[PDB]
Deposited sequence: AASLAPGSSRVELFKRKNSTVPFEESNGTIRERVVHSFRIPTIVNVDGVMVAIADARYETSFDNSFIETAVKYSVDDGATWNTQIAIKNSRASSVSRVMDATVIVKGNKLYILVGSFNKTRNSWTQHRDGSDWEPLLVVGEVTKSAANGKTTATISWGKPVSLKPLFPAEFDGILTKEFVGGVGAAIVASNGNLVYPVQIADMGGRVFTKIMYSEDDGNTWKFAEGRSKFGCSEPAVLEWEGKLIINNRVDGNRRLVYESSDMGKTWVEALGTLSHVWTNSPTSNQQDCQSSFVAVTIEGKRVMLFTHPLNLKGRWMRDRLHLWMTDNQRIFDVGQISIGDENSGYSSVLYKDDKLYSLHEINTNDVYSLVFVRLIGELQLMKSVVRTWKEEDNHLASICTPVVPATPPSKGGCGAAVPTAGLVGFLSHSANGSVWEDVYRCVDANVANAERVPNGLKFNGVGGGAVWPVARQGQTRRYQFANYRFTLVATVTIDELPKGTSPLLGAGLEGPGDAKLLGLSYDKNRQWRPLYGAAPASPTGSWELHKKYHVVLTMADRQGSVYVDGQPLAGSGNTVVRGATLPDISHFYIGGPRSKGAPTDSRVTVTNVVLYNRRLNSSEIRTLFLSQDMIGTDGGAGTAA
């Protein structure tokens, strides 16, 4: 949906120039005080109690002003609320402030890390030194009580402790200046470790991200050895199948993501999954924004939730806030969660007692409020999509395949299965069985498990780069596997396209693919190398086709065996290829009036290089996988 889903609603929880907070004067007296703006939100669940954390910007929305950390907690899922001032600032001057809260929840305790400043009027990365800054850690404890029927709760906040004395003066050569958390909800690793994603500023004004953790519930803190590239900020982390996943903000470029199997010791870019998928705007050269990255279990399946504005207006406007769901294989757009073309910003998401909630910013004239939202309709959609992934995966994993001369043979591979095109298809659309990325069609006629092509441009386009702003099939450039069952219906005049991957840019170059000619021979394409024909085929016969691409290599299989040339390098340079799209048949909106008279059924796409036996399994069972 392009707007807050029907059946969903929200309230202006933190209302600008209206809501008051229990401010404490120097002498101890407490007076309710108006607040210009409320920014940088985070909502979490502590032992059944909702806790909303945010910046209370008293006089103005600017970063350099009087700020304190406000809090609003609840025990009745948002019916009633209580308000406190979690952390005070130093009171050293008109601009003293504490900001950018990062939060971790373990047991009934809250661990809050923030940046504290005294007098500076310029931004942190641009300070002369670090004399004005301090990294503060605050611990909060939640206690539940109860009168007759009605439950109540209190929250006690301890005295702030500084981590400065633990900040090394240098990292592998690099001279340090300041550091803060990455903002947002953090985690408690399965081994019990408290894991903080942090952003570091060096002396020379550069920025990068790193991991800061504790094995002893807050006593000590260690800094992992690994790190990101320069330019990464406001990072968010979660735990997935044994590894840590780090999702960074990147002003003026696409978002970088890394993996780590050793609590941060070594980092590898996630080129085969999520890296470079999300960005800051259509052109990717605008200011970026914060994002939430949280792991949850829906209908018995562990998945990942990601948020981020589209920013169609550019700069700091941050409009049209979306929500994504991924299983580290497929990536689904749950729609827009903000209203119309309003201005949003930072955000937060929480799954509690089978209900979905959100806390985010709304901006008008640079005065900020914080809305509390109920994702009634979004969760519905989400629950449906998971049931599909679950159902299809198991189905494919239950088929009894032939036994190979050495009950059943090897199972049909589902690990790394990203997309599937089969029987279902309507209008100019070929439907994605996994409900994420459909393929555009032209000049086709439906057949069991696929389509038959006839006419100028007959074919299908599976969008890669052509997806636009968000590039969900970015993994293809690093590695991929394409599968398909085919038949050739009519003899071509010379050479004709059947299936492959094409590149952005001049001419109509291909990365890898397969073509057929007038002599009944296959014509494989391996990068820019001339396509010399080989082998032999017959009209109307069903053939298994497979395309492999890994380690910059390429291979093409027919009937389970490789064709001559298979194993050759397909791209020179350290620069990644830029796949425009996958092509099935011979689609085209311009140029040569291609008319590939072929029929294609059951196209499968994986995010990894399938092994030899896995290809055998597919070749011997292609008659059992179709969706009828």
According to the entry, C-alpha coordinates are missing for deposited residues 407-412, 635-641
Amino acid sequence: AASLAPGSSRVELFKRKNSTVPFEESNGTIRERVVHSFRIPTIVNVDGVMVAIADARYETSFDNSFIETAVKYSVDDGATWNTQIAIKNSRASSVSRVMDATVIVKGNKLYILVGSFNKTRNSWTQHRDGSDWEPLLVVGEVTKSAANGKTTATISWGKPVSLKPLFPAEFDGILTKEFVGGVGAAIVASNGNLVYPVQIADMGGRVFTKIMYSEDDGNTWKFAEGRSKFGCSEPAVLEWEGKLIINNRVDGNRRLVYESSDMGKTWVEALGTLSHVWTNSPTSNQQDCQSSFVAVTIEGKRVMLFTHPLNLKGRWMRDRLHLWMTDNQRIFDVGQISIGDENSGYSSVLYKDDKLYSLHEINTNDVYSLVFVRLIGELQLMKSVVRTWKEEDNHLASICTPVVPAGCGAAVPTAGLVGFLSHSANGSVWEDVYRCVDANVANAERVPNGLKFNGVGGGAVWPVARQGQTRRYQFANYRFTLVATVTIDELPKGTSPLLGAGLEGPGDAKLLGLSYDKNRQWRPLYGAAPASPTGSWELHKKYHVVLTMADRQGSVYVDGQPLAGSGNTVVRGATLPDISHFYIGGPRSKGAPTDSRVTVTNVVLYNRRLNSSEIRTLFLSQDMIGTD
From here on, numbers count along this sequence of modelled residues.
Mind pulling up the entry and telling me whether 199-207 or 155-163 has the higher mean Cα temperature factor? 155-163
Mean Cα B factor from the PDB record: higher for 422-430, or higher for 75-83? 75-83
Return the residue from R471, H127, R330, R479 that has the highest Cα B-factor in the entry. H127
Take the CA temperature factors straight from the PDB entry and tell me which of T401, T326, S281, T487 peaks. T401
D551 by Cα B-factor - lowest, middle or highest third of the modelled chain: middle
Where the record places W537 (Cα B-factor, split into thirds across the chain): middle
How does the C-alpha B factor of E225 compare with the rest of the chain: lowest, middle or highest third? middle
According to the PDB entry, is the CA B factor of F117 in the bottom, middle or top third of its chain, that is, lowest, middle or highest? highest
Determine, from the deposited record, the chain-internal third of the Cα B-factor for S292: lowest, middle or highest. lowest
